[PDB]
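Single-structure report; data block below.
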Amino acid sequence: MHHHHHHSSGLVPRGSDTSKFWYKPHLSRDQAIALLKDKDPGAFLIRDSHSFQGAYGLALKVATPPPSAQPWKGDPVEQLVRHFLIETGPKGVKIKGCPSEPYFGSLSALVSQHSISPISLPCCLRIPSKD
């Protein structure tokens with residue numbers, strides 16, 4: 001090294017805060033797809049739902065959502081992007097679409113449960129920051 005400064009200009013980062021990586025409630029459907037069309041199947045984002053108050057729109061880029069995927073008639077990536085909504089009631093949050101999923105409460109709860117129990121998600125949910 002040319003010089004040796006005392007280590008006081010270095011910070012200790014850990015970065016377990018991944019919420020801002022996926023949570024952005026200001027995006028609409030097309031905007032969500034706009035991100036996901038550059039994302040590999042498994043990645044998601046949580047936005048707010050315009051449909052119901054107190055719902056979060058979960059946009060998931062899946063591998064393939066058809067029963068066969070041979071008869072195709074849809075828009076390629078836009079149909080590979082699935083939209084579900086996490087509705088928080090007095091109980092908590094759960095993803096509308098699945099009748100076998102419990103009420104977690106916090107988004108981080110279901111986010112961390114991603115690769116443990118992908119219930120509502122057809123594809124094992126993956127965090128952009130953590131996989």
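Ordering of the structure tokens sets the chain letters (A, B, ...), residue numbers begin anew at 1 in every chain, and ligands are numbered from 1 in the order given.
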- [ ] Name the residues in contact with residue A:58 at a cut-off of 10 Å, using only C-alpha atoms, excluding same-chain residues fewer than 6 positions from it; report them as a list in words.
- [x]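 Neighbouring residues, sequence-local ones excluded: residues 22, 23, 25, 29, 32, 44, 45, 46, 47, 48, 49, 82, 83, 84, 85, 86, 95, 96 and 121 of chain A.
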Can you pull out the residues contacting stretch 102-114 of chain A? Cut-off 7 Å, using only C-alpha atoms, and skip same-chain residues under 3 positions away; I want them as a PDB file with C-alpha atoms, in the first residue's frame.
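The new file around18.pdb reads:
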```pdb
ATOM      1  CA  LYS A  91     -55.901 -11.245  11.079  1.00  0.00           C
ATOM      2  CA  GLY A  92     -52.998 -10.500   8.840  1.00  0.00           C
ATOM      3  CA  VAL A  93     -51.684 -10.906   5.350  1.00  0.00           C
ATOM      4  CA  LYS A  94     -52.181 -13.820   2.957  1.00  0.00           C
ATOM      5  CA  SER A 117     -43.366 -22.852   1.914  1.00  0.00           C
ATOM      6  CA  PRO A 118     -44.273 -21.472  -1.522  1.00  0.00           C
ATOM      7  CA  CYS A 124     -40.529 -20.794  -5.248  1.00  0.00           C
ATOM      8  CA  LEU A 125     -40.435 -17.122  -4.400  1.00  0.00           C
ATOM      9  CA  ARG A 126     -36.930 -15.597  -4.415  1.00  0.00           C
TER      10      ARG A 126
END
```
Task: Atomic separation - atom CA of residue A:59 relative to atom CA of residue A:16, Å - done: 21.9 Å
TODO: Record the distance separating atom CA of residue A:99 and atom CA of residue A:42, expressed in Å with one decimal.
DONE: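 According to the coordinates, atom CA of residue A:99 and atom CA of residue A:42 are separated by 20.8 Å.
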Open item on the list: Please determine, counting only C-alpha atoms, which residue among A:129, A:51, A:64, A:8 has the shortest atom-to-atom distance to residue A:76.
Closed with: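 Looking only at the distances to residue A:76, the closest residue turns out to be A:64.
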TODO: Apply DSSP to the structure's backbone, then extract all residues of stretch 6-124 of chain A labelled strand (DSSP E or B) and return them as a list in words.
DONE: residues 23, 41, 43, 44, 45, 46, 47, 48, 55, 56, 57, 58, 59, 60, 61, 81, 82, 83, 84, 85, 86, 87, 95 and 96 of chain A
Next, write the just-selected residues to a file, as an mmCIF file, in the first residue's frame, keeping N, CA, C and O atoms as the atom set.
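What follows is the written file selection36.cif:
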```cif
data_model
loop_
_atom_site.group_PDB
_atom_site.id
_atom_site.type_symbol
_atom_site.label_atom_id
_atom_site.label_comp_id
_atom_site.auth_asym_id
_atom_site.auth_seq_id
_atom_site.Cartn_x
_atom_site.Cartn_y
_atom_site.Cartn_z
ATOM 1 N N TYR A 23 -40.066 -3.934 -2.010
ATOM 2 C CA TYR A 23 -41.251 -3.178 -1.697
ATOM 3 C C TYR A 23 -41.222 -1.805 -2.334
ATOM 4 O O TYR A 23 -40.387 -0.960 -1.999
ATOM 5 N N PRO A 41 -37.303 -15.853 -13.450
ATOM 6 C CA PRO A 41 -38.449 -16.480 -12.765
ATOM 7 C C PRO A 41 -38.172 -16.817 -11.299
ATOM 8 O O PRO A 41 -37.278 -17.610 -10.975
ATOM 9 N N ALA A 43 -38.231 -14.064 -9.013
ATOM 10 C CA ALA A 43 -38.134 -12.720 -8.471
ATOM 11 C C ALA A 43 -39.506 -12.061 -8.425
ATOM 12 O O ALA A 43 -40.393 -12.372 -9.254
ATOM 13 N N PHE A 44 -39.679 -11.148 -7.487
ATOM 14 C CA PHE A 44 -40.954 -10.508 -7.278
ATOM 15 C C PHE A 44 -40.764 -9.075 -6.808
ATOM 16 O O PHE A 44 -39.626 -8.616 -6.579
ATOM 17 N N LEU A 45 -41.869 -8.390 -6.673
ATOM 18 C CA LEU A 45 -41.932 -7.096 -6.056
ATOM 19 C C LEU A 45 -43.286 -6.952 -5.412
ATOM 20 O O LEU A 45 -44.280 -7.522 -5.905
ATOM 21 N N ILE A 46 -43.333 -6.241 -4.327
ATOM 22 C CA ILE A 46 -44.564 -5.997 -3.646
ATOM 23 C C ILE A 46 -44.903 -4.537 -3.766
ATOM 24 O O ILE A 46 -44.103 -3.656 -3.411
ATOM 25 N N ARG A 47 -46.040 -4.285 -4.311
ATOM 26 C CA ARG A 47 -46.533 -2.960 -4.479
ATOM 27 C C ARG A 47 -47.859 -2.866 -3.741
ATOM 28 O O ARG A 47 -48.249 -3.812 -3.077
ATOM 29 N N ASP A 48 -48.554 -1.771 -3.860
ATOM 30 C CA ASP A 48 -49.840 -1.634 -3.190
ATOM 31 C C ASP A 48 -50.914 -2.019 -4.203
ATOM 32 O O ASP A 48 -50.666 -1.946 -5.419
ATOM 33 N N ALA A 55 -54.505 -3.999 0.563
ATOM 34 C CA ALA A 55 -54.012 -5.113 -0.170
ATOM 35 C C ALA A 55 -52.745 -4.696 -0.864
ATOM 36 O O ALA A 55 -52.585 -3.530 -1.230
ATOM 37 N N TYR A 56 -51.839 -5.601 -0.985
ATOM 38 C CA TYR A 56 -50.591 -5.358 -1.646
ATOM 39 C C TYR A 56 -50.557 -6.193 -2.884
ATOM 40 O O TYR A 56 -50.913 -7.354 -2.841
ATOM 41 N N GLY A 57 -50.158 -5.629 -3.970
ATOM 42 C CA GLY A 57 -50.118 -6.378 -5.176
ATOM 43 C C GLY A 57 -48.783 -7.039 -5.326
ATOM 44 O O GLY A 57 -47.748 -6.370 -5.378
ATOM 45 N N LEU A 58 -48.807 -8.322 -5.355
ATOM 46 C CA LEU A 58 -47.638 -9.130 -5.464
ATOM 47 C C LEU A 58 -47.474 -9.489 -6.922
ATOM 48 O O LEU A 58 -48.360 -10.105 -7.521
ATOM 49 N N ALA A 59 -46.392 -9.070 -7.491
ATOM 50 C CA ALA A 59 -46.102 -9.380 -8.857
ATOM 51 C C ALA A 59 -44.953 -10.348 -8.885
ATOM 52 O O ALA A 59 -43.869 -10.049 -8.375
ATOM 53 N N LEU A 60 -45.192 -11.496 -9.436
ATOM 54 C CA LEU A 60 -44.224 -12.559 -9.474
ATOM 55 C C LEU A 60 -43.932 -12.956 -10.900
ATOM 56 O O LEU A 60 -44.851 -13.169 -11.694
ATOM 57 N N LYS A 61 -42.676 -13.054 -11.228
ATOM 58 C CA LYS A 61 -42.289 -13.521 -12.528
ATOM 59 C C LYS A 61 -42.189 -15.036 -12.392
ATOM 60 O O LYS A 61 -41.333 -15.529 -11.656
ATOM 61 N N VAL A 81 -45.861 -13.166 -16.033
ATOM 62 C CA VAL A 81 -45.913 -12.378 -14.844
ATOM 63 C C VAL A 81 -47.285 -12.533 -14.214
ATOM 64 O O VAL A 81 -48.320 -12.228 -14.827
ATOM 65 N N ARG A 82 -47.283 -13.037 -13.023
ATOM 66 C CA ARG A 82 -48.475 -13.305 -12.280
ATOM 67 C C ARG A 82 -48.670 -12.246 -11.237
ATOM 68 O O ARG A 82 -47.703 -11.777 -10.623
ATOM 69 N N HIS A 83 -49.891 -11.883 -11.036
ATOM 70 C CA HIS A 83 -50.245 -10.858 -10.094
ATOM 71 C C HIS A 83 -51.211 -11.406 -9.109
ATOM 72 O O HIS A 83 -52.290 -11.893 -9.465
ATOM 73 N N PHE A 84 -50.838 -11.334 -7.893
ATOM 74 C CA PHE A 84 -51.634 -11.794 -6.808
ATOM 75 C C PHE A 84 -51.739 -10.641 -5.843
ATOM 76 O O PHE A 84 -51.053 -9.641 -6.016
ATOM 77 N N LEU A 85 -52.571 -10.733 -4.860
ATOM 78 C CA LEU A 85 -52.639 -9.662 -3.912
ATOM 79 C C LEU A 85 -52.692 -10.158 -2.507
ATOM 80 O O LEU A 85 -53.396 -11.114 -2.185
ATOM 81 N N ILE A 86 -51.921 -9.528 -1.702
ATOM 82 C CA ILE A 86 -51.785 -9.836 -0.323
ATOM 83 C C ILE A 86 -52.737 -8.944 0.435
ATOM 84 O O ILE A 86 -52.537 -7.741 0.494
ATOM 85 N N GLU A 87 -53.757 -9.507 0.991
ATOM 86 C CA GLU A 87 -54.752 -8.705 1.664
ATOM 87 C C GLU A 87 -54.621 -8.830 3.153
ATOM 88 O O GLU A 87 -54.734 -9.936 3.700
ATOM 89 N N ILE A 95 -51.936 -14.358 0.599
ATOM 90 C CA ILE A 95 -52.012 -14.071 -0.813
ATOM 91 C C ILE A 95 -53.297 -14.643 -1.445
ATOM 92 O O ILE A 95 -53.492 -15.875 -1.524
ATOM 93 N N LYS A 96 -54.162 -13.736 -1.897
ATOM 94 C CA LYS A 96 -55.413 -14.083 -2.552
ATOM 95 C C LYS A 96 -55.169 -14.858 -3.840
ATOM 96 O O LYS A 96 -54.513 -14.364 -4.778
#
```
- [ ] To one decimal in Å, tell me the separation between atom CA of residue A:40 and atom CA of residue A:63.
- [x]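 Those two atoms sit 8.3 Å apart.
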